[PDB]
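J.: The data below comprise the sequence and an experimental structure of the protein.
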Amino acid sequence: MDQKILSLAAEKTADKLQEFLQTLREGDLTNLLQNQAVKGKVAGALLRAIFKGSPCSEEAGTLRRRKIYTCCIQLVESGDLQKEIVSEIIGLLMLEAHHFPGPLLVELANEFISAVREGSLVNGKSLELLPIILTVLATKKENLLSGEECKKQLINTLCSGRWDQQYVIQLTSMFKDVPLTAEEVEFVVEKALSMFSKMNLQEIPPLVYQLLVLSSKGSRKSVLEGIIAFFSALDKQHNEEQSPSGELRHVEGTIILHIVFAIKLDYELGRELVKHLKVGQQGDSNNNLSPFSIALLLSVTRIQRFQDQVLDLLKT
Amino acid sequence: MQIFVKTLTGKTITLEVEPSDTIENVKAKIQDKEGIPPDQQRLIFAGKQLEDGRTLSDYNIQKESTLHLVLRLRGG
Amino acid sequence: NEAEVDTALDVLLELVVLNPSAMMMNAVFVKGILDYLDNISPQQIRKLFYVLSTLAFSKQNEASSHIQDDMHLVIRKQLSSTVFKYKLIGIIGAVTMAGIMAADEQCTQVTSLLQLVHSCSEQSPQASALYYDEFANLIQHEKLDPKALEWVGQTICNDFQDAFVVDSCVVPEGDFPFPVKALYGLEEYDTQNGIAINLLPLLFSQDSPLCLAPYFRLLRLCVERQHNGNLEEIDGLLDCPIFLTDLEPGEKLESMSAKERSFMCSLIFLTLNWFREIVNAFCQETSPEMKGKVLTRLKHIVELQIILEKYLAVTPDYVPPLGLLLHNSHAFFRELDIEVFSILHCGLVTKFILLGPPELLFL
């Protein structure tokens, strides 16, 4: 039941495609999942008929569009399907989010938010849509509350919502590509850093990578504060357990290596770091440093631009 | 023998290789099971950047010990 | 820092032009720059790609053409990205690369390169703009092998003269809330011309026109390089009025301030920049009637800027920043050329006591 829709999306637009949407009416799930079971190539071409024939100039096309979007969010999350088909469909959905009126994206976004609460997020490739829709929201500056307020409520839900400890890294990476304020990057980093406590260890460094490259456009002192508090406190936990190492110090080393390599790009991070661990008044050097921070600085040293200031700091 | 790698998306991945084997072999296996070519890969264990000509015996790397990866995009 | 960087790249260029074969063994160390390119200012990027490219495209170093395909590759990658900077960075490198290899398969290769950087840059307006601008700068400063130039100009002239150029048809396309008319003709020309500019329908369809002025700049420099300063194909272009709103009144339509005000304001802005490049163009021409028409255009300019500052005074913050009045003077407008001030050879005509004064103020 497929070739009577490529005979619609070839000749004319909105004369015969829109009529198909109202006339069929039986469903939009059984025809797509099972279409991929025989020939996946047809499925990628079927979606190219719906979105060309359902523009958001009219209500019915917009609601058909919303239903196909929710159903594709379901199947991409559900199906143990071929990887290239998943890459294709997420690319197709990514291409079409541009001419959408304001008050439709709230539903898809709240669906994604409910997904972070409960959803089986086996793939974070469903979460690739969340970046673009929040920018397509903010560019629509009319009463949906204006677009930015819906965005901020959404971010507050995303942070204040509870995070499936496995797939929080991908969630964290989604905030990377959206242009945010200092306040919203601050919200995500402070909560995401509060998440560090309630985890396995070994996932943390790439998390830190994503945190850092996001931190390049926001609050970075906040991240280093949280980092050093985390690792200094746990070092003391280890010291008192002594008076759990062979992995722990390893992960530390790797983290240090990540942040050195990221400073290698952005030097402002270096200067903000060193200002944090500026002794200045000597009492700061009785809350500033840990063994871990020191190890950081001595690793940092290797950058020829930083072999003076770091050493003057440690020495003095 | 089995080992772990973790990456910037948190894809925990399980690599079966003998310790006497070398690192570029693992880059071949990454190009195989994950489709990522060698030259973009940057492999780390415990805060050491791992080179090509070494092996897992050289770095005291053992069973189920977790490696870290990043995508060294020259340009990006 | 920045000054250290600049010094190093000056040094590098001096070495490679002097002692290239020495540098060729260190080619990998030169490529070892290529990670920290986000960290560095665009002008340094221009200089960087210059040095890599002149190292690559030397007639002796066609032995080691591995670096050649590598740098071709990375540029194709950098352009392939969606991001403003990566597309832009590639554009800049690609332009410089193209230009230096431009001094017959070489011609086909640079041709494919410009076609594909366009095809990649076709969609983003500021990126397409910067392409045009950098291409322009490259033709301006540098001289080379007119075969590529005669090739690409045949494309460019056709593209422009089909894109925005239309008939002097009093009826245009597009249902506006505005009385569209052919405004700012000289009127000493023949009013039945097949040359006029479909501007406001291109705008309302935009709601391609941002790139206009620089595309003309590029076109002009191309024509001058081809026919050696002969714009007889274009000399009947400044005879164009433009199919626009009744732009003149910015007081009768007061207190209905909507996106229509933004339309009008940025429209006038574009108009001004268009004229600005026109006067940059037809300054050198010794024809006295041409210069009279230039000064007609300057009278248009001053009244238009007056109208627009009035529009902004009445409607405060419907601001086009497009890459308060002090900001608008210098950067957001087109930098005029030096030889434009050939106009100063003319003598003033006072209006009261008895070439207007306020255009002289402007200059």
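T.: Arrived safely, thanks for sending. Residues are numbered from 1 along each chain as shown, chains lettered A, B, ... in the order given.
J.: Show me what the longest helix that chain C contains is packed up against.
T.: The residue-count maximum for a helix in chain C (DSSP state H) belongs to helix C:288-314. Contact partners of helix C:288-314 among helices and strands, from 3 or more Cβ pairs under 8 Å, 6 or more residues apart in numbering or on different chains; DSSP states H and E: helix C:259-281, helix C:357-362. To be clear about C-beta, it is placed using only N, CA and C from the backbone, and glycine gets the same treatment.
J.: Which strands or helices does the shortest one pack on?
T.: Same thing as helix C:357-362. Using 3+ Cβ pairs under 8 Å, 6+ apart, helix C:357-362 sits against helix C:288-314.
J.: Touching the helix or strand following the helix it packs on from outside, list them.
T.: Per DSSP states H and E, the first helix or strand lying C-terminal to helix C:288-314 is helix C:325-327. The contact list for helix C:325-327, computed with Cβ atoms under 8 Å, 6 or more residues apart in numbering or on different chains, reads C:309, C:312.
J.: And for stretch A:196-203?
T.: In contact with stretch A:196-203 (Cβ under 8 Å, 6+ apart) are residues A:165, A:169, A:204, A:226, A:230, A:247-248, A:251, B:4, B:6, B:10, B:66.
J.: Report the buried residues of it.
T.: By 16 or more other Cβ atoms under 10 Å in any protein chain shown, the buried positions in stretch A:196-203 come out as A:196, A:202-203.
J.: That one: how far from the chain's middle?
T.: 18 Å (Cα atoms, centre = their mean, to the nearest Å).
J.: export it as CSV, just CAs?
T.: Below are the C-alpha coordinates for stretch A:196-203, written out as CSV (Å, rounded to 0.1, in the frame of the first residue of the first chain):
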residue,chain,number,x,y,z
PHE,A,196,28.5,13.0,39.8
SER,A,197,28.0,11.7,43.3
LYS,A,198,25.3,9.1,42.4
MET,A,199,27.1,7.1,39.7
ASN,A,200,29.7,4.6,38.6
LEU,A,201,33.1,6.3,38.1
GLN,A,202,34.3,5.4,34.6
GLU,A,203,31.6,7.3,32.6
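J.: Could you pull up phi and psi at the residue nearest to residue B:54 when sequence neighbours are not counted?
T.: In space, and not counting its chain neighbours, residue B:54 is closest to residue B:23: 5.6 Å by Cβ to Cβ, 6 or more residues apart in numbering or on different chains. Note on residue B:23: its backbone torsions stand at phi -90, psi -50 [degrees, to the nearest 10].
J.: Looks like residue B:23 contacts residue B:41 (just checking).
T.: No. Residue B:23 is beyond contact range of residue B:41, at 9.5 Å (criterion: Cβ atoms under 8 Å).
J.: how close does the residue in chain B that chain A sits nearest to sit to residue C:194?
T.: In chain B, the residue that lies nearest chain A is residue B:47 (2.2 Å; Cβ to the nearest Cβ). According to Cβ to Cβ, to the nearest Å, residue B:47 stands 72 Å off from residue C:194.
J.: which one of these two has more residues nearby?
T.: More crowded of residue B:47 and residue C:194, by other Cβ atoms under 10 Å in any protein chain shown: residue B:47, with 20 against 10.
J.: Strands along chain B, start to end?
T.: Secondary structure of chain B by DSSP state E: the strands cover B:2-6, B:13-16, B:41-44, B:66-71.
J.: The second one pairs with which strands, and in what direction?
T.: Taking DSSP bridges as the criterion, strand B:13-16 sits next to strand B:2-6 (antiparallel) in its sheet.
J.: Without its sequence neighbours, what residue ends up closest to the residue of the stretch 201-350 of chain C found nearest chain B?
T.: The stretch 201-350 of chain C approaches chain B most closely through residue C:323 (23.4 Å), counting by Cβ to the nearest Cβ. Excluding the flanking residues, the one nearest residue C:323 by Cβ to Cβ, 6+ apart is residue C:126, at 6.5 Å.
J.: Ok, residue A:133 next?
T.: In space, residue A:133 is closest to residue A:105, 4.8 Å off (Cβ to Cβ, 6+ apart).
J.: before we move on, back to that, deepest of the helices and strands packed on helix C:288-314, which one?
T.: helix C:259-281 (a mean of 19; mean count of other Cβ atoms under 10 Å in any protein chain shown).
J.: ok now it, how far from the chain's centre?
T.: On Cα atoms, centre = their mean, the centre of helix C:259-281 falls 14 Å from that of its chain.
J.: Give me every residue in chain B lying close to chain A.
T.: B:4, B:6-10, B:44-49, B:66, B:68, B:70 (Cβ under 8 Å from any Cβ of the partner chain).
J.: Report the two of these separated the most.
T.: Within those, B:9 and B:48 form the most distant pair, 22.5 Å apart (Cβ to Cβ).
J.: The residue sitting nearest the centre point of chain C: what's it in contact with?
T.: Nearest to the mean C-alpha position of chain C, by Cα atoms, centre = their mean, lies residue C:214 at 1.9 Å. Contacts for residue C:214 were tallied using Cβ under 8 Å, 6+ apart; they are C:129, C:132-133, C:136, C:277.
J.: Number of residues surrounding residue C:300?
T.: Using other Cβ under 10 Å: residue C:300 sits among 17 other residues.
J.: try the one 10 residues further on
T.: Residue C:310 sits with 13 neighbouring residues when counted by other Cβ under 10 Å.
J.: what about the closest residue to it other than its chain neighbours, helix or strand, and which?
T.: Leaving aside its chain neighbours, residue C:310 sits nearest to residue C:250 (4.9 Å; criterion: Cβ to Cβ, 6+ apart). For residue C:250, there is no enclosing helix or strand under DSSP H and E.
J.: Residue numbers of the stretch 201-316 of chain A in contact with chain B?
T.: Counting by Cβ under 8 Å from any Cβ, the stretch 201-316 of chain A sits next to chain B at A:202-203, A:205-207, A:209-210, A:247, A:249-258, A:261, A:299.
J.: residue boundaries of the helices in the stretch 1-150 of chain A?
T.: A:3-6, A:17-24, A:30-38, A:40-53, A:59-78, A:83-95, A:105-117, A:129-138, A:147-160 (DSSP state H, counting those that start in this stretch).
J.: Out of these, which one sits most buried?
T.: Ranked by mean neighbours (mean count of other Cβ under 10 Å), these are led by helix A:129-138, with a mean of 19.
J.: Run the angle between it and helix A:83-95 for me.
T.: Orientation check (axes from the mean of the first three to the mean of the last three Cα atoms, to 10 degrees): helix A:129-138 against helix A:83-95 gives 10 degrees.
J.: For chain B, which residues are neighbours of chain C?
T.: Counting by Cβ under 8 Å from any Cβ, chain B sits next to chain C at B:72, B:74-76.
J.: which ones are touching the residue of the stretch 101-250 of chain A found nearest chain B?
T.: The nearest approach of the stretch 101-250 of chain A to chain B comes at residue A:250, 3.4 Å away (Cβ to the nearest Cβ). Contacts of residue A:250 were listed using Cβ under 8 Å, 6+ apart, and they are B:45-47.
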